[PDB]
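Notes for the one structure printed next.
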Amino acid sequence: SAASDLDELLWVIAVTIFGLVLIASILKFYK
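Residue numbers -3 to 27, in PDB author numbering, belong to the letters of the sequence shown in order.
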């Protein structure tokens, strides 16, 4: 459904951002 397609989009984006923030965080710990 349009709703379920939207939920999927938002979860995929949210998790993608989290993973990228994690990588940014590990790099920040060594700066």
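We put the CB at the ideal spot given by N, CA and C, even for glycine.
Taking the alpha-carbon positions, what's the residue i to residue j distance?
i, j, result
"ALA(-2)", "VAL17", "29 Å"
"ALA20", "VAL8", "18 Å"
"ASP1", "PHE14", "20 Å"
"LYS24", "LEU5", "28 Å"
"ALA10", "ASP3", "11 Å"
"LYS27", "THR12", "23 Å"
From the beta carbon of residue i, is the nearest beta carbon of chain C less than 8 Å away?
i, result
"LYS27", "Here chain C cannot be found, since the structure has a single protein chain."
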